[PDB]
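One structure below.
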Amino acid sequence: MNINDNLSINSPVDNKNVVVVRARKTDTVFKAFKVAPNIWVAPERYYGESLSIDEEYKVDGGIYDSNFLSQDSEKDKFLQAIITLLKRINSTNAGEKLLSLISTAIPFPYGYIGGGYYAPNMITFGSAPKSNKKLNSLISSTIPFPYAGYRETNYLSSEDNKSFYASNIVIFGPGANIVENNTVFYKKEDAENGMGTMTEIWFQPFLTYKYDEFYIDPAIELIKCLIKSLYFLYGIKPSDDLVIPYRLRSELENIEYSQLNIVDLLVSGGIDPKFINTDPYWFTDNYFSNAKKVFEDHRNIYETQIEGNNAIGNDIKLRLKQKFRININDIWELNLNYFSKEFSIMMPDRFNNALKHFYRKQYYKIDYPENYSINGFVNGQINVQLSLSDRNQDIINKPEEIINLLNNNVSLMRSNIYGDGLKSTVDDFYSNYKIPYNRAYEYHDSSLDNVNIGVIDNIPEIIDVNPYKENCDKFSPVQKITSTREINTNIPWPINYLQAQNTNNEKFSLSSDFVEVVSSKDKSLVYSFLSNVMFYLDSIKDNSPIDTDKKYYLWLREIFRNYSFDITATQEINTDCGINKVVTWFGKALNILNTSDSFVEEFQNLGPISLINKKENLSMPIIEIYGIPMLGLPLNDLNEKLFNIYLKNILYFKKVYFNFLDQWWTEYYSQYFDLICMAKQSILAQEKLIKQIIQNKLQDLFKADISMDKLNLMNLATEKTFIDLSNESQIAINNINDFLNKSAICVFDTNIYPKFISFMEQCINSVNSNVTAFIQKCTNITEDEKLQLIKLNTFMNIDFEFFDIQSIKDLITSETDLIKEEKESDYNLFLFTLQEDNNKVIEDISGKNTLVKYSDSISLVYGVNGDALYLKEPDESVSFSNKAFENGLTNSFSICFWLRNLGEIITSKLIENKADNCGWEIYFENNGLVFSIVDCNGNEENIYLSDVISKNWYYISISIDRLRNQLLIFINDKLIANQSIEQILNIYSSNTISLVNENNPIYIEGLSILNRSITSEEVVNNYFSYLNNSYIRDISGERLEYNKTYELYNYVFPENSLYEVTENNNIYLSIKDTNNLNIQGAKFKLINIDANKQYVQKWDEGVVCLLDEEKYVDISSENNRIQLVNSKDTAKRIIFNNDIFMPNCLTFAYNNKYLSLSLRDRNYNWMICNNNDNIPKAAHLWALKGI
Amino acid sequence: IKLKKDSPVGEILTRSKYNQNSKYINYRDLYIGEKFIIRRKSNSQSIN
């Protein structure tokens, strides 16, 4: 497949790629551009729907405008947009496969004019001229008379009704409603009877909307439209009456359901299909059987008749082959989830067909060669800068319900609740649906595999089209009127509180009294649950007006801290399904259990069921458990039959369980999702109010005696604080998401499962009674055998117990959640170095793509765990650039790396982020490090971290937490500094962290910058796990290597080096006495069996060699000490190991007996192979120092 | 993986499954493919 990108609205009509065809059999014509085999684009609006609809017929949430796509410039932009979307889809393998299948899935052609797909007639032409002896009348050529006479139905007819162009898909523009993608068939009868039909798509590529924290890629909408069109192309279209219960309309006062067609469920993806496409199937209709049978019939018709016909073209014969290569289950098991996973596109995952009721959409304009591209949205799906469309003011709003909060009969507040827009049924589907027994009683990501891109591309295009006279029927637009009820209530609804949290003024004030807020004549009070922020604002009320920059910085920091403390308030309680972090303010916003006391107290005393306002919606499905059919049989045959009946009944029980799960999802989880959406709206409203308050304060402070540069500092700090507030709001949003998801799972566990257990116990009683009656009616078996058989075929409770909390947690997590989890990183910079082969690479692998600039003089060594930067050449520099490195007034971060200085003691800069005055830095000084942080007000904090000497590894971890006004500094696994930085203010600095050497060879490893603060436990865990790499180290922290001069130290005496002692004609080594400290220590080497090995490792056998006669270690079995011999063969092969919590120390073992230091003995301490416990366990740890 | 008859490169083959007599039980065979062994490099550790 190759999209024709060389077309434009100004291209001439050449009757091959640009045509002017007639719309169905009406009086209107339209231009069409072929962009792929049997794929066309019509850049104008749709013709069936009138562009000027009556106001009484406009649908809710639809932008109606009868001027879109009227000028040639807009038409060309639309054409280029469709080309770009098609090319983006074609880039991925799955998209290419889908496009190839669309192109090759022509509707099944009809037979000959007389009926049939077998061989045609014959005709003889061209009699040879008469010869001198022979008449030659029969010397002619025989040709098939109606060659390629199969009358295809997929064609567009020209304006003269004389030229016909084969086509499967026509991509029009939007109809009357601008934001409404639609997929309409050409002929209903040919679309529902397995033949196939042409498809037309209304697409709007210029307007998108934002969901959660991302924008919807229009490519996924086009993919959904194409998948739905595949249903029409194959002719597998169920009747419009085949619907499923989608959502329970909890906002209404009556028990009503909103239902969705099975096609939309099967195409839209998300989580809803997971509750119907279950193994075994609980929902089955005759539609699937009929579709499979008709598809098999058509495949047989092709294989036996339309395949061997040598008088039809390979333009059809070979596309029909490829179309019938795949199965129907491939189409049915093809939804948006697969394309979302293969494209890494985040999409709405719960009730995506009813998003109109849950929240109001804001539309963003897309300029295609500015924002979209061949690779999708520019700068990802989240960080793309899209301007809000000016058409948002034209969105027609027709509420389904109007809630009037009557006071005492004056309306205080009037709120609107919108509808899903689907078909509403008042009859309970579950109570009138019977789970089949003899149907779908079997079966206890890979669907587009039978599609070959090359084979499809090798098919010649259809040139000659034999028309079928009646291939279109008509177009009748669906005009509907939306009704609106009014409900008067005295108790406020959550929507009333949500509306009250919104104001249009710019001089408001927060208030905790909802009644006062709604009864305020001045409309200057706005409801808010931020008790901390309100308390702080009341505390600072009637004080000195803010005029200085320090005062404003303090005010902003306090506001941010109070907001973060308020929106992230949770309490951990113990619920039946584990531990739940209940959101404390959830009672105030969205008034629920807001009677008195605390929300958590009422939530604990009550259940999770009390959160939703429509409980007890279950209904027992119609159960048809047929009894066992009484012909005589032997023991084995009867046992096999009863086993089969047992398995069938177990599968039926699982089907009923799945039906109850779907009931829970439709009736119960919908309300919890509604609560999640309202809570998200509340969080966003409070964030907007806080941001507006901050903006008001900043703009009122712009009329003050503050220099311009300080004002730009204020603006940058306020932008950074806005980003931080957004981060805190996201934290609160996912907190409430987890809380309410766990609440819904708990409500299923503790409110629906017991009812299912009761119902199935009642049913199992009857099932067992029938089984016993059948087994007693038979008389071809013994009595003991009959008793054993009846005891074997029994149904205990455990038979129909299928609850699995992990199987429901993993069932309501979508591919979007997995994408968010994979893309969630807590690192602003995670440096990674890879030597490769003669090509070193240093880059950030945190996913934030920091710009790393380094000189070629740097090297890569193996420092601790992996490669590490080595700066030996003087005056070197490595720069890391990222916007988030600019810091600001309120943002927590942490630096974490490994450092090794090979120098010897002047102050040399090591790490800098100082923009002129403000910033932070780390630099050597004296015999240690210094961490200095300075703000843009003169306040300084210089901390001297001592005991940092050269030729030693150090794990530096500095954390700045501005929610606690805390500065923590850890060296290795020990907290060194714990300071308060409440006096530190805005530290806005450059966007480049610089690492220098300043005439000092340094090893730097694993330089990392996080976007949060770290705890002591996490620092200790990271330090101890980083060193757990099966390498034995020396006292310097570097890797221990064989064949190197080493000095020996004991852990108990970290300064005495073992020295040789001669006594009784025997040479040992021992601790130096206190009176002899100038004696030089002994020189050691480690020898391994294989000389190729250079570095020591855990569990390594070796020999210690002492450096004139080349002594070797031996163990004397007289005093159980050690001694030195002059024979390598007489040495002892000892095992080297180390303890995880003592990294730079190692142990020597000899048949599971560590070598340690003995007790004092006339000013001596020999190494001995201990077996007694009177020697401390820390005395067998040794250290080797590079000498 | 299975060793190719001609090329010195292991080819990738789809695992078998269980379709003998029962539809209630499904799995894939694991004892298929080439039998791999692991041997030491330098014989420097303890023999025990």
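Ordered as shown in the structure tokens, chains take letters A, B, and onward, while each chain numbers its residues from 1 and ligands are numbered from 1 in the order shown.
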Any idea which chain A residues end up within 10 Å of chain B if we count only C-alpha atoms, as an mmCIF file with C-alpha atoms, in the first residue's frame please?
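Just written: iface-v2.cif:
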```cif
data_model
loop_
_atom_site.group_PDB
_atom_site.id
_atom_site.type_symbol
_atom_site.label_atom_id
_atom_site.label_comp_id
_atom_site.auth_asym_id
_atom_site.auth_seq_id
_atom_site.Cartn_x
_atom_site.Cartn_y
_atom_site.Cartn_z
ATOM 1 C CA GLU A 442 -17.415 -24.992 24.829
ATOM 2 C CA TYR A 443 -14.030 -23.212 24.794
ATOM 3 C CA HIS A 444 -13.676 -23.630 28.585
ATOM 4 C CA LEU A 647 -18.227 -30.028 33.047
ATOM 5 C CA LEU A 651 -19.154 -23.917 32.550
ATOM 6 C CA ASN A 1088 44.041 -17.711 40.883
ATOM 7 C CA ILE A 1089 43.973 -21.059 39.102
ATOM 8 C CA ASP A 1090 43.547 -19.342 35.715
ATOM 9 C CA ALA A 1091 46.004 -16.533 34.985
ATOM 10 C CA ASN A 1092 43.603 -14.999 32.448
ATOM 11 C CA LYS A 1093 41.315 -13.793 35.253
ATOM 12 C CA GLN A 1097 34.739 -12.185 42.383
ATOM 13 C CA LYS A 1098 32.473 -13.778 44.963
ATOM 14 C CA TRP A 1099 33.133 -17.490 45.549
ATOM 15 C CA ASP A 1100 36.634 -17.549 44.070
ATOM 16 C CA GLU A 1101 39.289 -20.066 45.095
ATOM 17 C CA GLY A 1102 42.794 -18.666 45.317
ATOM 18 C CA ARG A 1133 43.116 -22.910 48.163
ATOM 19 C CA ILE A 1134 40.925 -20.531 50.170
ATOM 20 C CA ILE A 1135 37.585 -19.063 49.101
#
```
- Task: Just the residues within 10 Å of residue 32 (chain B), please, counting only C-alpha atoms, with nothing from its chain fewer than 3 positions along; format it as a list in words.
- Result: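 Once the adjacent positions are removed, what remains is residues 1, 2, 15, 16, 28, 29 and 35 of chain B.
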- Query: Using only C-alpha atoms, which residues sit within 10 Å of region 807-819 of chain A once same-chain residues fewer than 6 positions away are excluded, as a ChimeraX atom specification?
  - Reply: /A:269-272,274-275,337-338,340-342,344-350,661,665,741-742,745,748
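The space between CA of residue 208 (chain A) and CA of residue 388 (chain A) spans 9.5 Å.
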- Message: Using only C-alpha atoms, which protein or nucleic acid residues come within 12 Å of residue 88 (chain A)? Drop anything in the same chain fewer than 5 positions from it, and give the result as a list in words.
- Response: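 After dropping sequence-adjacent residues, the list is residues 2, 3, 81, 82, 83, 93, 94, 95, 96, 99, 217, 218, 219, 220, 222, 223, 343, 368, 372, 373, 374, 375, 376 and 377 of chain A.
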Selection above as a file: N, CA, C and O atoms, as a short mmCIF file (atom, residue, chain, number, x, y, z; two decimals), in the first residue's frame:
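Heads up, here's the output in part-v8.cif:
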```cif
data_model
loop_
_atom_site.label_atom_id
_atom_site.label_comp_id
_atom_site.auth_asym_id
_atom_site.auth_seq_id
_atom_site.Cartn_x
_atom_site.Cartn_y
_atom_site.Cartn_z
N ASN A 2 0.50 2.22 -0.83
CA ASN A 2 1.22 3.49 -0.93
C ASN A 2 0.21 4.60 -1.14
O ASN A 2 -0.47 4.64 -2.17
N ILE A 3 0.11 5.50 -0.17
CA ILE A 3 -0.85 6.59 -0.24
C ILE A 3 -0.39 7.60 -1.28
O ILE A 3 0.76 8.05 -1.26
N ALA A 81 -5.06 16.85 5.20
CA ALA A 81 -5.21 16.24 6.52
C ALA A 81 -5.52 14.76 6.41
O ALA A 81 -4.95 13.94 7.14
N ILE A 82 -6.43 14.39 5.50
CA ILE A 82 -6.76 12.98 5.33
C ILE A 82 -5.56 12.21 4.80
O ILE A 82 -5.30 11.08 5.22
N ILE A 83 -4.81 12.81 3.87
CA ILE A 83 -3.60 12.16 3.37
C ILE A 83 -2.61 11.93 4.51
O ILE A 83 -2.02 10.85 4.62
N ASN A 93 2.98 -1.28 11.12
CA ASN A 93 2.65 -2.53 10.44
C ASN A 93 1.18 -2.88 10.57
O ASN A 93 0.55 -3.31 9.60
N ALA A 94 0.61 -2.70 11.77
CA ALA A 94 -0.81 -3.01 11.96
C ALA A 94 -1.70 -2.09 11.14
O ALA A 94 -2.69 -2.54 10.56
N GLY A 95 -1.36 -0.80 11.09
CA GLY A 95 -2.12 0.11 10.26
C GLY A 95 -2.04 -0.24 8.79
O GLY A 95 -3.04 -0.16 8.06
N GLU A 96 -0.85 -0.62 8.32
CA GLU A 96 -0.70 -1.05 6.94
C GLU A 96 -1.53 -2.29 6.66
O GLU A 96 -2.16 -2.40 5.60
N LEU A 99 -5.18 -1.22 6.40
CA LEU A 99 -5.45 -0.53 5.14
C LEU A 99 -5.46 -1.51 3.97
O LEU A 99 -6.29 -1.39 3.06
N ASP A 217 -5.78 11.49 19.56
CA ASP A 217 -5.22 11.46 18.21
C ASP A 217 -6.33 11.16 17.21
O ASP A 217 -7.02 10.15 17.34
N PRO A 218 -6.54 12.02 16.21
CA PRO A 218 -7.58 11.73 15.21
C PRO A 218 -7.30 10.49 14.39
O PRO A 218 -8.24 9.93 13.80
N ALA A 219 -6.05 10.02 14.35
CA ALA A 219 -5.75 8.79 13.64
C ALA A 219 -6.49 7.61 14.26
O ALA A 219 -6.94 6.71 13.54
N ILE A 220 -6.62 7.59 15.59
CA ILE A 220 -7.35 6.50 16.23
C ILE A 220 -8.84 6.58 15.91
O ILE A 220 -9.50 5.54 15.76
N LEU A 222 -10.05 7.75 13.05
CA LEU A 222 -10.12 7.23 11.68
C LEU A 222 -9.99 5.71 11.66
O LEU A 222 -10.66 5.04 10.88
N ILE A 223 -9.12 5.17 12.52
CA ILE A 223 -8.97 3.72 12.60
C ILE A 223 -10.26 3.07 13.06
O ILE A 223 -10.67 2.02 12.55
N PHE A 343 0.19 1.36 18.62
CA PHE A 343 0.52 2.74 18.28
C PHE A 343 0.97 3.56 19.47
O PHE A 343 1.47 4.68 19.28
N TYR A 368 -2.41 20.93 10.40
CA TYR A 368 -1.83 19.61 10.19
C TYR A 368 -0.33 19.64 9.89
O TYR A 368 0.42 18.89 10.52
N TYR A 372 0.26 17.99 13.72
CA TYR A 372 0.35 16.59 13.37
C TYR A 372 1.49 16.38 12.37
O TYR A 372 2.08 17.34 11.86
N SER A 373 1.81 15.12 12.11
CA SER A 373 2.91 14.80 11.22
C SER A 373 2.82 13.32 10.84
O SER A 373 1.84 12.64 11.16
N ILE A 374 3.85 12.83 10.16
CA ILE A 374 3.92 11.42 9.80
C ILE A 374 4.04 10.55 11.04
O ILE A 374 3.64 9.38 11.03
N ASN A 375 4.60 11.09 12.13
CA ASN A 375 4.78 10.35 13.36
C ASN A 375 3.73 10.68 14.41
O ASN A 375 3.85 10.23 15.55
N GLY A 376 2.70 11.45 14.06
CA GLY A 376 1.65 11.77 14.99
C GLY A 376 1.77 13.17 15.56
O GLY A 376 2.32 14.06 14.92
N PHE A 377 1.25 13.36 16.77
CA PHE A 377 1.30 14.67 17.41
C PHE A 377 2.74 15.08 17.66
O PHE A 377 3.58 14.26 18.06
#
```
- Task: For residue 499 (chain A), list every protein, DNA or RNA residue within 12 Å, evaluated using only C-alpha atoms, and leave out those in the same chain fewer than 5 positions away; present the list as a ChimeraX atom specification.
- Result: /A:403,405,412-417,492-494,504,514,517-518,526-528,589-591,678,681-682,685-686
Using N, CA, C and O atoms, can you write the selected residues to a file as an mmCIF file, in the first residue's frame?
```
data_model
loop_
_atom_site.group_PDB
_atom_site.id
_atom_site.type_symbol
_atom_site.label_atom_id
_atom_site.label_comp_id
_atom_site.auth_asym_id
_atom_site.auth_seq_id
_atom_site.Cartn_x
_atom_site.Cartn_y
_atom_site.Cartn_z
ATOM 1 N N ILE A 403 -31.694 20.323 37.403
ATOM 2 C CA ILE A 403 -31.827 20.189 38.848
ATOM 3 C C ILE A 403 -32.013 21.578 39.441
ATOM 4 O O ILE A 403 -31.160 22.455 39.266
ATOM 5 N N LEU A 405 -32.398 23.527 42.923
ATOM 6 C CA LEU A 405 -32.202 23.436 44.369
ATOM 7 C C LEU A 405 -33.086 24.484 45.030
ATOM 8 O O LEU A 405 -32.684 25.629 45.240
ATOM 9 N N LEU A 412 -32.452 28.455 44.495
ATOM 10 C CA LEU A 412 -31.129 28.970 44.826
ATOM 11 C C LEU A 412 -30.124 28.682 43.720
ATOM 12 O O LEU A 412 -29.257 29.514 43.434
ATOM 13 N N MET A 413 -30.227 27.515 43.087
ATOM 14 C CA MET A 413 -29.246 27.092 42.102
ATOM 15 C C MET A 413 -29.942 26.220 41.068
ATOM 16 O O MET A 413 -30.861 25.464 41.400
ATOM 17 N N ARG A 414 -29.514 26.340 39.814
ATOM 18 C CA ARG A 414 -30.065 25.557 38.717
ATOM 19 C C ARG A 414 -28.912 24.941 37.942
ATOM 20 O O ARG A 414 -28.105 25.662 37.349
ATOM 21 N N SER A 415 -28.834 23.614 37.951
ATOM 22 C CA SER A 415 -27.736 22.889 37.332
ATOM 23 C C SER A 415 -28.258 21.992 36.219
ATOM 24 O O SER A 415 -29.431 21.616 36.195
ATOM 25 N N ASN A 416 -27.370 21.651 35.292
ATOM 26 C CA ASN A 416 -27.715 20.855 34.123
ATOM 27 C C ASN A 416 -26.988 19.521 34.174
ATOM 28 O O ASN A 416 -25.779 19.477 34.424
ATOM 29 N N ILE A 417 -27.724 18.441 33.932
ATOM 30 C CA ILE A 417 -27.161 17.104 33.801
ATOM 31 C C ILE A 417 -27.455 16.631 32.386
ATOM 32 O O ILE A 417 -28.618 16.590 31.971
ATOM 33 N N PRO A 492 -29.047 19.307 48.393
ATOM 34 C CA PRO A 492 -28.184 19.578 47.240
ATOM 35 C C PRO A 492 -27.605 18.302 46.650
ATOM 36 O O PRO A 492 -27.324 17.332 47.356
ATOM 37 N N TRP A 493 -27.433 18.317 45.336
ATOM 38 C CA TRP A 493 -26.827 17.234 44.583
ATOM 39 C C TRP A 493 -25.341 17.494 44.391
ATOM 40 O O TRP A 493 -24.880 18.632 44.502
ATOM 41 N N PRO A 494 -24.555 16.451 44.113
ATOM 42 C CA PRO A 494 -23.130 16.678 43.827
ATOM 43 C C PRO A 494 -22.897 17.619 42.663
ATOM 44 O O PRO A 494 -21.915 18.373 42.672
ATOM 45 N N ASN A 504 -17.548 33.125 37.547
ATOM 46 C CA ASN A 504 -17.122 33.907 36.397
ATOM 47 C C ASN A 504 -16.474 35.230 36.785
ATOM 48 O O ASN A 504 -15.867 35.877 35.926
ATOM 49 N N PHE A 514 -21.791 26.338 51.923
ATOM 50 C CA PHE A 514 -22.453 26.204 50.631
ATOM 51 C C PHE A 514 -23.704 27.068 50.560
ATOM 52 O O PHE A 514 -23.969 27.714 49.538
ATOM 53 N N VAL A 517 -22.767 30.584 50.047
ATOM 54 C CA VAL A 517 -22.254 30.792 48.697
ATOM 55 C C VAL A 517 -23.401 30.921 47.702
ATOM 56 O O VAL A 517 -23.406 31.815 46.849
ATOM 57 N N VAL A 518 -24.395 30.035 47.800
ATOM 58 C CA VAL A 518 -25.497 30.076 46.843
ATOM 59 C C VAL A 518 -26.515 31.162 47.169
ATOM 60 O O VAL A 518 -27.285 31.558 46.285
ATOM 61 N N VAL A 526 -17.279 31.854 46.659
ATOM 62 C CA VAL A 526 -17.153 30.615 45.902
ATOM 63 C C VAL A 526 -16.874 29.482 46.879
ATOM 64 O O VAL A 526 -16.022 29.611 47.766
ATOM 65 N N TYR A 527 -17.615 28.388 46.737
ATOM 66 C CA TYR A 527 -17.464 27.253 47.636
ATOM 67 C C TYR A 527 -16.130 26.559 47.407
ATOM 68 O O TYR A 527 -15.711 26.342 46.267
ATOM 69 N N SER A 528 -15.459 26.210 48.501
ATOM 70 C CA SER A 528 -14.191 25.502 48.421
ATOM 71 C C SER A 528 -14.016 24.658 49.672
ATOM 72 O O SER A 528 -14.462 25.032 50.758
ATOM 73 N N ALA A 589 -16.495 18.330 48.921
ATOM 74 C CA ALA A 589 -16.820 18.380 47.505
ATOM 75 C C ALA A 589 -17.742 17.225 47.154
ATOM 76 O O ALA A 589 -17.583 16.115 47.667
ATOM 77 N N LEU A 590 -18.712 17.485 46.277
ATOM 78 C CA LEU A 590 -19.676 16.469 45.859
ATOM 79 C C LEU A 590 -20.405 15.900 47.076
ATOM 80 O O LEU A 590 -20.215 14.746 47.460
ATOM 81 N N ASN A 591 -21.225 16.760 47.687
ATOM 82 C CA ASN A 591 -21.795 16.498 49.003
ATOM 83 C C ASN A 591 -22.324 15.075 49.113
ATOM 84 O O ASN A 591 -23.325 14.716 48.486
ATOM 85 N N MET A 678 -16.694 13.516 38.610
ATOM 86 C CA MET A 678 -17.060 14.701 39.380
ATOM 87 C C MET A 678 -15.940 15.127 40.324
ATOM 88 O O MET A 678 -15.701 16.324 40.511
ATOM 89 N N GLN A 681 -13.390 16.916 38.311
ATOM 90 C CA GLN A 681 -13.863 18.265 38.025
ATOM 91 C C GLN A 681 -13.691 19.174 39.236
ATOM 92 O O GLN A 681 -13.303 20.338 39.094
ATOM 93 N N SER A 682 -13.974 18.662 40.436
ATOM 94 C CA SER A 682 -13.790 19.458 41.648
ATOM 95 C C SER A 682 -12.327 19.828 41.849
ATOM 96 O O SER A 682 -12.003 20.973 42.187
ATOM 97 N N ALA A 685 -11.403 22.485 39.376
ATOM 98 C CA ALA A 685 -11.993 23.769 39.735
ATOM 99 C C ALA A 685 -11.219 24.437 40.862
ATOM 100 O O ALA A 685 -10.959 25.644 40.814
ATOM 101 N N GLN A 686 -10.841 23.670 41.886
ATOM 102 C CA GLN A 686 -10.073 24.251 42.983
ATOM 103 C C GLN A 686 -8.696 24.703 42.513
ATOM 104 O O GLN A 686 -8.194 25.746 42.952
#
```
- Message: Give me the residues near residue 1053 (chain A) as a count of residues only, where near means some atom within 10 Å (using only C-alpha atoms) and where sequence neighbours in that chain fewer than 5 positions away do not count.
- Response: 3
- Query: To one decimal place, how far is CA of residue 962 (chain A) from CA of residue 569 (chain A) in Å?
  - Reply: 17.3 Å
Write out as a CSV table (one decimal) with N, CA, C and O atoms, in the first residue's frame each polymer residue whose atoms come within 7 Å of region 106-117 of chain A, counting only C-alpha atoms; drop sequence neighbours fewer than 3 positions from it.
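See around.csv below for the written result:
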```
chain,number,residue,atom,x,y,z
A,149,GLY,N,-18.0,-10.9,-16.5
A,149,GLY,CA,-19.4,-10.5,-16.3
A,149,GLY,C,-20.0,-10.8,-15.0
A,149,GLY,O,-21.0,-11.6,-15.0
A,150,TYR,N,-19.5,-10.3,-13.9
A,150,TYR,CA,-19.9,-10.6,-12.6
A,150,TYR,C,-20.6,-9.4,-11.9
A,150,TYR,O,-20.9,-9.5,-10.7
A,151,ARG,N,-20.8,-8.3,-12.5
A,151,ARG,CA,-21.6,-7.2,-12.0
A,151,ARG,C,-21.3,-6.8,-10.6
A,151,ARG,O,-22.0,-7.0,-9.7
A,152,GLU,N,-20.1,-6.2,-10.4
A,152,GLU,CA,-19.7,-5.7,-9.1
A,152,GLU,C,-20.6,-4.6,-8.6
A,152,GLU,O,-21.2,-3.8,-9.5
A,153,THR,N,-20.8,-4.4,-7.3
A,153,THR,CA,-21.7,-3.4,-6.7
A,153,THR,C,-20.9,-2.3,-6.1
A,153,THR,O,-21.5,-1.3,-5.7
A,154,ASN,N,-19.6,-2.3,-6.0
A,154,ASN,CA,-18.8,-1.3,-5.4
A,154,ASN,C,-18.2,-0.4,-6.5
A,154,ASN,O,-17.1,-0.7,-7.0
A,168,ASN,N,-14.1,1.1,-2.6
A,168,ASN,CA,-14.6,0.5,-1.3
A,168,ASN,C,-14.9,1.5,-0.3
A,168,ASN,O,-15.9,1.3,0.4
A,195,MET,N,-23.2,-10.3,1.6
A,195,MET,CA,-22.7,-9.9,0.3
A,195,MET,C,-21.6,-8.8,0.5
A,195,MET,O,-20.4,-9.1,0.0
A,196,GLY,N,-21.9,-7.7,1.1
A,196,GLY,CA,-21.0,-6.6,1.2
A,196,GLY,C,-21.5,-5.3,0.6
A,196,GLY,O,-22.5,-5.4,-0.2
A,197,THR,N,-21.0,-4.2,1.0
A,197,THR,CA,-21.5,-2.9,0.5
A,197,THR,C,-20.4,-1.8,0.6
A,197,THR,O,-19.5,-2.0,1.4
A,233,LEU,N,-18.2,-3.9,4.7
A,233,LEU,CA,-17.6,-4.5,3.5
A,233,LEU,C,-17.7,-6.0,3.5
A,233,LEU,O,-18.0,-6.6,2.4
A,234,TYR,N,-17.6,-6.7,4.6
A,234,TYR,CA,-17.8,-8.1,4.7
A,234,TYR,C,-19.3,-8.5,4.8
A,234,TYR,O,-19.6,-9.7,4.8
A,305,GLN,N,-16.5,-22.3,-7.2
A,305,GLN,CA,-17.0,-21.8,-8.4
A,305,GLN,C,-16.2,-20.6,-9.0
A,305,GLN,O,-15.8,-20.6,-10.1
A,306,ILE,N,-16.0,-19.6,-8.2
A,306,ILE,CA,-15.4,-18.3,-8.7
A,306,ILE,C,-13.9,-18.4,-8.7
A,306,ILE,O,-13.2,-17.4,-9.0
```
- Task: DSSP on the backbone, then: every residue of chain B marked strand (DSSP E), written as a list in words.
- Result: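 Matching residues, listed in order: residues 2, 3, 10 and 11 of chain B.
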